[PDB]
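Coming up, as structure tokens: structure 1 and structure 2, two forms of one and the same protein chain.
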Structure 1
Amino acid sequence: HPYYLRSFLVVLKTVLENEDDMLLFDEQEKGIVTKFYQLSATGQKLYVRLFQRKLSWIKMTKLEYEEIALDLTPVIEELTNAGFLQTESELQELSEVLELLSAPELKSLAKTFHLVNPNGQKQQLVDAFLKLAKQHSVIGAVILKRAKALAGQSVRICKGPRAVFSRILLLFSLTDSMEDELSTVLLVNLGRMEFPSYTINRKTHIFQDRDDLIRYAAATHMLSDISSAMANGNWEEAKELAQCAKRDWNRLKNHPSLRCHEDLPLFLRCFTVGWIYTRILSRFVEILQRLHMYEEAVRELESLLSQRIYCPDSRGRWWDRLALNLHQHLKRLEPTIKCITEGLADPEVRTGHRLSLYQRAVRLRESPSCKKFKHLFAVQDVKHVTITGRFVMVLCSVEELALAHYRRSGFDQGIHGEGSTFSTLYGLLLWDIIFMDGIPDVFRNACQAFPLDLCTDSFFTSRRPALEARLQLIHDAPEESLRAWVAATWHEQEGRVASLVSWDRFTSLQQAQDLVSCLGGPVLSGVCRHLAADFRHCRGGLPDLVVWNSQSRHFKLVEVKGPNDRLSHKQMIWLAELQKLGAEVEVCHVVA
């Protein structure tokens, strides 16, 4: 089986064995999946090749697949019988036949049918052919017959069966996505990936019925379209699309299904239509801000912050952003102070957005403009250091240069991993708690790299006594214990796809063992507590470098900065917090 079919069969098996997910398919749709498994390998191979391509008519001219068969005529015929794949005889709409033809093929057609401009562009010829065929039905039937003859043998994928596989992938996709935005990396690799072993346990339903899923899926397409508009810098298209989404979401706000969604725990409530429209409303405030409609942007941010149902984790980003627009763009210092107060009060705002609001506070208590207002009332200081480059040493990064400085300054051993180094160690020390039994709805299918609550407050609370026991054990751990825990997870789990664990991060198991030994129990314990407590807001801002001396076991955690980049809020909080745990932290600056 080649990579594309391997990946497809994994996706299918994973979703079908899920009884509760299969409630969202009528018995005919389940029949189409049964029909696919009754196909030959070559039938399956070819269908997947066409499934991955644009939903459009394809000339058998253009269909080459050496690894399937030399001629695909019997393979197409199997898929035709099964009802997966139309042929010439089904191609009847004139618009569709004209699209399928080449510019020279339409030119010679336009000569025979005496069009006004036979040397015109394809679309003009197509629009012209459609006008003629409409006006004079008799001619239209000749155009259709003439076009189909030039078109030759061609084939299209049936939208009915396609839609069943689209929905299977949509259900499969939910659990692969840890962050917000078949996909390429999975299409290629998914067949070969071995996943952590855990116990699937589904107490709760995500979608009420088939109609609920279709409305989710539609909002997903709308979210996808809005992002693509913003990506291509078509900010007017995006505004209307976001306005359509706001209308479509407004129409739906009464529907009974939404009341079941409100009752889902946050780690499942992400997989609900209302969450997707809320995320579209986050994209809307982004578009309004780019079009300099800051009054309009602030209404939507106030609207979003007025509820706690959908995207609580985004509230930190919303408050910080509301404070900015009221302060710098609208110049309303009285709302700014209220916004910041309500912001800093809210226990959903964390780390960078917490600090950023507090930094905007100390900028107003020490500002002549806000003397007419009341009193209006931190981070620890860190050793900054400077070195020099030309960058070359031949061509090197800012981090590679700093590593050589720490190598010359005695630290023979070093890793430039940013957040992956502590994330992997966190994954390696707490694997068995990460994938532990007895939390319902967190393991729903066989291809998860994480429990669905990992990036939620639920993760720590749901595992509170087990984590506290391990966190304390790690704090009081001799190097023999740390080396043994890392070794246990390594030898049992090496290669297993876990979101937290980059297996290639450490050059060997020995390097992982050597590093935890230098870091020590108290440091590792505190890092693991933070990442377990609130991965969503503590994942980012860990320092670029760990450097350590292989004899002394002196180590520095270093955030490398080039000429023009300051500490982010999340970086300076991590430096302070690693200093409190009693590790030497440094900002290694670089200059020309």
Structure 2
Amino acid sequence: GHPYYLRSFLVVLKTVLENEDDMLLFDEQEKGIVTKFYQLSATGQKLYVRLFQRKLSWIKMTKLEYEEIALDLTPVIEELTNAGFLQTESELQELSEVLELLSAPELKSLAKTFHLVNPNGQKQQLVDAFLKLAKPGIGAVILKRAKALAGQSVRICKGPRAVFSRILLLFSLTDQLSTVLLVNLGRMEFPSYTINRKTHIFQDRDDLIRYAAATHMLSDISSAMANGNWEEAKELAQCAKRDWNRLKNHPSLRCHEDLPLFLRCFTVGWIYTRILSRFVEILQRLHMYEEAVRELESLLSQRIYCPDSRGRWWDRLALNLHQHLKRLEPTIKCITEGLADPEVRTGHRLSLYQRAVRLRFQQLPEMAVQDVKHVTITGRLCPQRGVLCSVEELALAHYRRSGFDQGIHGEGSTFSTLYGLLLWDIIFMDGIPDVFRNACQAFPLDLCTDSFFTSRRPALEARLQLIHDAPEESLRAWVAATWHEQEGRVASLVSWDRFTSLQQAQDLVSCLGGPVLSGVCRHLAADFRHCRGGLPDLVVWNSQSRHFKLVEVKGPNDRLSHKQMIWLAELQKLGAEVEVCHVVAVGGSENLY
């Protein structure tokens, strides 16, 4: 079996069905769907999951026959049709769905039958031309010809699809979103921890329904922007917003504010707030700097959702009010109350202060960052199209010459791996409610919140101190104990391939020493998602002197962000040698293209 589809899908079902709290989020007819799936032949299931994992559409039978899923497809198709899982071309009625089935040559023919301008144009141009032209009923003739070219086609029924899609959603809350069917899930070993729920995330079936819907909406818009369709991301935002202004006053949402942050992010209101945030990003690309502000004030006006997205909101409110423009009178109105917001991280506090400095009151405060050592290195920029490496790979070579034979470009991951190795027991400890809810988590659900540290404070305080005052020998021992206990395998916070060997991990740890590791581990436990991002590109070290350097690499016209300046300062404060390594694009005279 060179797909993993059914295998992973079956593991997903097992994981979700285990929790009887979750299964009450489906009615009997819906759980009936799940029973029916199990009753299907192995082959019917292999086909269903394959269709289920890909983006939804009709599939030609010829395409299913060609990719050789069974010897005779007819009985499989019938089993699936009888069970309510699949529908056939008799139900295929929407012109746009039919056109989508067609190949480039097929569309080209249709175009000649119907005398379109450019029968040799792009598939999507031709499709749009057909749709536009489709208004004895001409659109009907087009539909009939097009259906005829398409041939027998199938499509998974939207009803059972939604059951499985919600099951898939329950399986991994937010931690291209169903790629889980693509990896070998069944082969993965998860950490040993105890499931322990106390608090429901979803009130009832409806709550999960609404959350699933909001989730799909956000994902459509997120992808639209990434492809560059800025016009076509604006209208669903407004569709969302219309719905949001009704939803925010819904009774089902009153319980969501009694959830700790680490569960609250798995609720509708959180999803809409993320929509509204994406919405603001849209207007900024569309030069509509007026309406963005109106939405930023509304986001900032509330403290229920996305508190970690406050600094970015104030920072954009200011930048918009500044160079977008009127009036320069209420920008500092926003900068001052921004600087008063305790949810705003140091990086955004700087960008706000850095703008208040631009001047003609202005009472407080005092923002200043320690400078770190800068270095310039030389390299040969390759043509955008026309031996042989990337910017960091280059820098590594410079440090190799400079004396640091060992080096790793892992960014934050190298440290979050050490962290996972040194704090495994605490990260996975029992007695914290709501934090492990199923058997397939790689971390506790509160890793990235203030709640992680507070719920484990005594163990962390003892452990962080144990590390700080530890001799090198102990550190090597701890890394080994975890490594061996988790067989270099269990799926977690630890990137088992980040290091060449347990031996290399042990060397790094003997160079960093207790104090530095403890400081970084303390940071990772206090604010994981933000510490990790701010950790520099490389760690390099000399194997004999045990000296090491943390190094950020900046290519030509690459700039140290505010966030990075702060974290380099924090690392330096812990006693680590820290350096910015600039690369200057230089000429060569000995190898062209």
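Between two forms, the rigid core is the largest collection of C-alphas that superpose within 1.5 Å. Here, residue number means position along structure 1's sequence, counting from 1.
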| property | result |
| --- | --- |
| Out of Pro522, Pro265, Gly83, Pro440, the residue that alone shifts its CA by 2 Å or more between structures 1 and 2 when the rigid core is the reference | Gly83 |
| CA of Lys35, rigid core aligned, shift of 2 Å or more between structures 1 and 2 | yes |
| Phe129 C-alpha relocation of at least 2 Å between structures 1 and 2, rigid core basis | yes |
| Did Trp57 shift 2 Å or more between structures 1 and 2, C-alpha, core superposed | yes |
| Core-aligned Cα shift of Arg156 between structures 1 and 2, given in Å | 4.5 |
| Core-aligned CA shift between structures 1 and 2 for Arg210 (Å) | 0.5 |
| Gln359: CA movement between structures 1 and 2 [superposed on rigid core, Å] | 2.2 |
